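What follows is calculated from the coordinates using simple rules that are stated; it is not laboratory data. For neighbour counting, all protein chains shown are included, and Cβ atoms are generated from backbone atoms with ideal geometry for every residue, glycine included.
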Amino acid sequence: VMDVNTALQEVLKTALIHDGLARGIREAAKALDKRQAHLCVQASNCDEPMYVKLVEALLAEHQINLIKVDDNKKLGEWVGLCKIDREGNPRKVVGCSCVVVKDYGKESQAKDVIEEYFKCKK
RNA sequence: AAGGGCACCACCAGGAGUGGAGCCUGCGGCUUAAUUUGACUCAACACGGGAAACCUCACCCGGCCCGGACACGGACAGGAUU
Ligand SMILES: [Mg+2]
C-alpha cells in the first residue's frame, strides 16, 4: 500500500512543482468539467452527504479515475497547501477536501496510476 | 581730524533718460473658499530662469487609490481575498 499512496504523493508533488493543480471545490469543478483533467483525490471524513454525492456523482459521469483518502487535514498537509516551516506547524490550515491533477509534468511515475486504472478496470 | 591716492555702481563737461500719460509686468495693500509661497537699502520688487487655461501646484471645494516593505499573531481551498 506504500507503493500506491507514496506513489501519488510523488505524483502530486511533481504536479504542483511543475504546474498548478486545482485545490478546493470551485477550481476542482472548473478543472474537471474541462476535458483534460486526470484523476481526482478527495477526502473521506466529510460531514455532509450532498458534498460527497456531488463530487463522486459528477466525476463518475466523466471518465476520470478517483482515489479516496481518509482525512482532509493530513491530505491538505500533503498537497502543499500550507506554510510549512520545518520546526513549526505541519498544517496550520483546514486541509483541502478535494483536488484534481491537471497535468503530471512528466511521465516518470505514471505507471502507478496506470496500474491503479488497471485494478479499477479489474 | 590731518596727509597721500583712486572709482561714470562718484562728481565735473554732456548724451540718452527714468520720475508725468496709456498699457505690460513684479511687489504691498484691500477683497476672497483660495487669491499658495520665498526675497524688502545698495546686496527684495521682467528675481526664484516664476511668459500658471489643464498639468505645473504647494492654495480652495469635492471625490477615488495604496503605490501601508517586513516581522509576529489571527482568520483561511468547507475560501484569505480580487
Ligand atoms: Mg548713484
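Strictly over 28 Å apart at the Cα level, which of A:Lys83/A:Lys119; A:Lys68/A:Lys106; A:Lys13/A:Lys92; A:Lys92/A:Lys121; A:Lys73/A:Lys102 would you flag in this model?
Numbers: A:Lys83/A:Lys119 36 Å; A:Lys68/A:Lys106 23 Å; A:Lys13/A:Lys92 19 Å; A:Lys92/A:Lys121 38 Å; A:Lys73/A:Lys102 22 Å.
Pairs exceeding 28 Å: A:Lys83/A:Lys119; A:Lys92/A:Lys121.
Placing a pseudo-label 7 Å from each Cα along the Cα-to-Cβ vector at A:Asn89 and A:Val1 gives an inter-label distance of 2.9 nm. Estimated translational diffusion coefficient (Stokes-Einstein, Kirkwood radius over Cα pairs, 25 °C, 0.890 mPa s) of chain A: 165 µm² per second.
Karplus-based coupling profile of the stretch A:92-108, in residue order and whole Hz: 7, 9, 5, x, 5, 9, 7, 10, 8, 8, 6, 8, 8, x, 8, 9, 5, with θ = phi - 60° in 6.51 cos²θ - 1.76 cosθ + 1.60 and x standing for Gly or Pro.
Counted residue by residue at 0.36 nm each, then reduced by the alpha carbon distance between them, the extension gain from A:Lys119 to A:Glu61 reaches 19.0 nm. Can you give the local net charge around A:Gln36? Use residues other than it whose beta-carbon is closer than 13 angstrom to its beta-carbon, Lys and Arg +1, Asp and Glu -1. Around A:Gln36, the charge tally is +1.
Give me the percent of DSSP beta bridges within chain A that run antiparallel, rounded to the nearest 5. Provide the component values of the computation, followed by the final result.
Working: 5 of 9 bridges.
Rounded to the nearest five, the antiparallel share is 55 percent.
Show that you can apply the helix-only estimate: for chain A, add -39,500 (n - 2.57) for every DSSP H stretch of four or more residues, divide by all residues, and state [θ] at 222 nm to the nearest 500. Display every interim value, and only then the final one.
Numbers: 5 runs with 55 residues, N = 122.
When only DSSP H runs of four or more count, the value is -13500 deg cm²/dmol.
Taking the stretch A:39-122, which GluC sites (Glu not before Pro) meet the DSSP loop condition and have no more than 15 other C-beta atoms within 10 Å? Hits after loop and neighbour filter: A:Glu61, A:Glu87, A:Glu107.
Can you tell me which of A:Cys40, A:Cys98, A:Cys82 moves the most in a GNM of chain A? Springs connect C-alpha atoms under 10 Å apart. Largest GNM mean-square fluctuation: A:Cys82.
Could you work out the relative contact order of the stretch A:73-122? I mean the mean sequence separation of Cα pairs under 8 Å and 6+ apart, divided by the number of residues, in percent. Provide the component values of the computation, followed by the final result.
Details: 34 pairs, mean separation 15.4, N = 50.
So the answer I get is 31 percent.
Relative contact order, whole percent, for chain A stands at 38, derived from Cα pairs under 8 Å and 6 or more residues apart. Among residues other than A:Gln9 with Cβ under 12 Å from its Cβ, the summed charge is -2 (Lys and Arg +1, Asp and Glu -1).
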